[PDB]
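The structure appears right after this line, and notes come after that.
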Ligand SMILES: Nc1nc2c(ncn2[C@@H]2O[C@H](COP(=O)(O)OP(=O)(O)O[C@H]3O[C@H](CO)[C@@H](O)[C@H](O)[C@@H]3O)[C@@H](O)[C@H]2O)c(=O)[nH]1
Ligand SMILES: Nc1nc2c(ncn2[C@@H]2O[C@H](COP(=O)(O)OP(=O)(O)O[C@H]3O[C@H](CO)[C@@H](O)[C@H](O)[C@@H]3O)[C@@H](O)[C@H]2O)c(=O)[nH]1
Ligand SMILES: [Mg+2]
Ligand SMILES: [Mg+2]
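Chains as they are written, first to last, in PDB author numbering: chain E, 9 to 143, 146 to 214, 220 to 250, 255 to 379; chain A, 9 to 143, 146 to 214, 220 to 250, 255 to 379.
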């Protein structure tokens, strides 16, 4: 009946875009990352969502703008505890308890997946079935390796193992009962306070899944996510949008906001997202690239596998390839080639850069 | 009676420190960069200072904290016009006119100098005697080259000449009459609207001067500014502070805030500034380096010619040398050598870096 979407965090990995907005609020395809999770929660039975915001309490205005659909007015913060925010639910143990006794969801704000949120009780084991489902199944470099047998028990929980195998990792979606928030409230920073050794049953994804918190991870998660969205959003059959401006061709599926304008002959490539009010030149190539909002693009650029930030002004014949994240209000001169270079907000690029790097 | 301190600007050059606070509010030696100018204006006969803040209107709380001494309560902003903010005085031309008719000062927020603010009329002409005094006398790469003969006239005004010689550049302190704000109010972005090629005189710095807006410029400006401050601030005779914690030695002049703690045997080098609540290890070497606030330093680091941001935690045996600005809340492990690497806020550094660069 309640959920705790952890939104407090510096977003260091997604830095060029998170210097302006918090990581929950940077759009993934056409909506902020938290908005997908909030919509899934609205689909399942829940009304009030509490947010533990630490990095920037200025997200309140944007949440109020998005407050129309759901009662996500709750906001709590006293002092920076941790981006992981284990004390997050513990620092607000009073609100979750007295209002209701139902189990409460806990989610990361940078996770995208099918979002099952099944109405099935699954009361024999709360987090074992959900989160990392047992047949997640990816590299062990990031995320905690979870060792679960066929009987749905968790024995080992190592946040960043060096080399321990165990391709299974937690999805980032947790469901907890009222005992967890009253179990270990140490009143200070901690890491998820997982005490799975003590218990095996009820004490507490068959689908795509990706931790969308890194630029390359952002691109790959968008690539995995757009095909799964073809069923619901806007259902000319090659992609979601195929005729918005002039006459352009689309290869594969893509998300184009009806407010955007596309030039004559642009080739919106596979798994590309175009934001609101964005303008695309005559013969651009948007190949697995995300255009956030209000960005303008000249005639013939090839933004491929990279991210173009808000209010950008891309030149006429640029080439923004590789994984090169552009910040807010970045202007690129004509003919500039950017390959894997991250540009901080409010910068002008006029020189070529053929190697990965940072532009101050 | 009034002054216009231009404070609206992204501070792209001093980027690692200006991602947290606006460039006017980044401390120069022990006080915010704007506080020196406000103190000079308080010394001269003015009472109200109007600030044209654009980049971050959240400086209001800090200004109110510094408001106790002088009535700098004025704050105006509608939409981003320009970091130069030529429309700044023009956007608030109404307030300046009706209250008073006396000439109003215009100052940059990133300029440090002797700050004459002479009670003399400068009635030969107003900006000319002040600002770039006819004798400024530095490189022509930045700032406008001003061609001033012995009769105090300005003929040419080129913002960024390619190669025009003319070592004289404007200091950045302007004084204007009420006609300038009513002369060209174009209502949009413009560059200083200098129409001096029309008028010779009366229509509108023998000391150190430095445009403190770049890291190397910050260091050099501190090096020039500290010796000139020995006359008035705190008047054991080697530096301003020589006994604050244990027993340490000082080479040359330096500012150490009485709230700081210095270890046994630390060598505070020439022209160094230590912020409030800062802790310095046993055998550190602070050679022409600035420690902003609440930063902690281990035993034996040599921070030389670099800037250490707020709330830092420097390791035990690091080498933060060359021009290497550290952002807010940056933690450096023991033995890490940083040479010319700018670190963005909220980062942990554990690897050596022998070449100039940027750490995300
Ligand atoms: N950096 C950041 N982290 C945030 C933010 N909002 C919430 N967080 C939380 O910060 C935690 C850790 O930071 P991330 O970079 O997002 O996660 P991680 O350290 O890569 O790994 C964590 O997430 C995995 C999910 O893929 C999980 O294995 C587990 O949460 C792990 O600790 C996550 O639980 C996430 O909820 C934000 O704006 N920025
Ligand atoms: N970037 C930035 N600029 C600011 C800020 N606050 C005010 N400004 C104004 O922005 C103008 C230009 O930005 P700067 O980087 O500070 O100056 P500049 O472009 O290096 O050169 C300008 O300053 C010289 C003084 O040395 C002058 O020649 C003249 O102002 C010139 O346009 C200056 O007039 C300064 O007052 C800020 O927070 N950030
Ligand atoms: Mg994450
Ligand atoms: Mg300047």
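Think of the CB as a built atom: it goes at the ideal place given N, C-alpha and C, for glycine as much as any other residue.
Tell me, please, whether the CB atom of residue i is closer than 8 Å to any CB atom in chain A?
| i | result |
| --- | --- |
| residue 23(E) | yes |
| residue 379(E) | yes |
| residue 363(E) | yes |
| residue 27(E) | yes |
| residue 366(E) | yes |
Would DSSP call residue i helix, strand or coil?
| i | result |
| --- | --- |
| residue 224(A) | strand |
| residue 167(A) | strand |
| residue 236(E) | helix |
| residue 60(E) | strand |
| residue 51(E) | helix |
| residue 255(E) | coil |
| residue 287(A) | strand |
| residue 80(E) | strand |
| residue 309(E) | strand |
| residue 193(E) | coil |
| residue 124(A) | coil |
| residue 372(A) | strand |
| residue 159(E) | coil |
| residue 33(E) | helix |
| residue 205(A) | coil |
| residue 230(E) | helix |
| residue 39(E) | coil |
| residue 377(A) | strand |
| residue 179(A) | strand |
| residue 281(A) | strand |
Where DSSP assigns a beta bridge to residue i, which residues make up the other side?
| i | result |
| --- | --- |
| residue 185(E) | 113(E) |
| residue 219(A) | Note on chain A: numbering goes from 214 to 220 directly, and residue 219(A) within that interval has no coordinates. |
| residue 315(E) | 298(E), 332(E) |
| residue 321(A) | 304(A) |
| residue 14(A) | 60(A), 116(A) |
| residue 266(E) | BP columns for residue 266(E) are empty, so no partner. |
| residue 338(A) | 356(A) |
| residue 292(E) | 274(E), 309(E) |
| residue 251(A) | Coordinates for residue 251(A) are lacking, as chain A steps from 250 to 255 with nothing built in between. |
| residue 344(A) | 326(A) |
| residue 151(A) | Answer is none; residue 151(A) lacks a bridge partner. |
Take residue i and list the residues in its own chain whose beta-carbon comes closer than 6 Å to its own, dropping the five residues that flank it on each side.
| i | result |
| --- | --- |
| residue 177(A) | 147 |
| residue 92(E) | 201 |
| residue 259(E) | 249, 274 |
| residue 58(E) | 12, 82 |
| residue 55(A) | 79 |
| residue 350(A) | 332, 367 |
| residue 127(E) | none |
| residue 166(E) | 157 |
| residue 231(A) | 342 |
| residue 34(A) | 25, 41 |
Spatial neighbours of residue i within its chain, please: C-beta separation below 7 Å, excluding the five flanking residues on both sides.
| i | result |
| --- | --- |
| residue 171(A) | 150, 155 |
| residue 265(A) | 281, 282, 283 |
| residue 27(E) | 346, 363, 364 |
| residue 224(E) | 121, 146, 181 |
| residue 21(E) | 228, 229 |
| residue 118(A) | 31, 41, 226, 227, 228 |
Can a CB atom of chain E be found closer than 8 Å to the CB of residue i?
| i | result |
| --- | --- |
| residue 20(A) | yes |
Looking only at its chain, what residues have a beta carbon closer than 8 Å to the beta carbon of residue i, apart from the 5 residues adjacent to it on each side?
| i | result |
| --- | --- |
| residue 180(E) | 139, 140, 146, 153, 154, 156 |
| residue 358(A) | 338, 340, 341, 343, 372, 373, 374, 375 |
| residue 290(A) | 237, 238, 241, 242, 271, 272, 273, 307 |
| request: Using a Cβ-Cβ cut-off of less than 8 Å, list which residues of the region 59 to 92 of chain E approach chain A; keep chain order. | output: none
| Positions along the region 230 to 242 of chain E whose CB lies within less than 7 Å of some CB in chain A | none
| said: Residues of the region 314 to 341 of chain E in Cβ contact with chain A at a cutoff of 8 Å, in chain order, please. | reply: none
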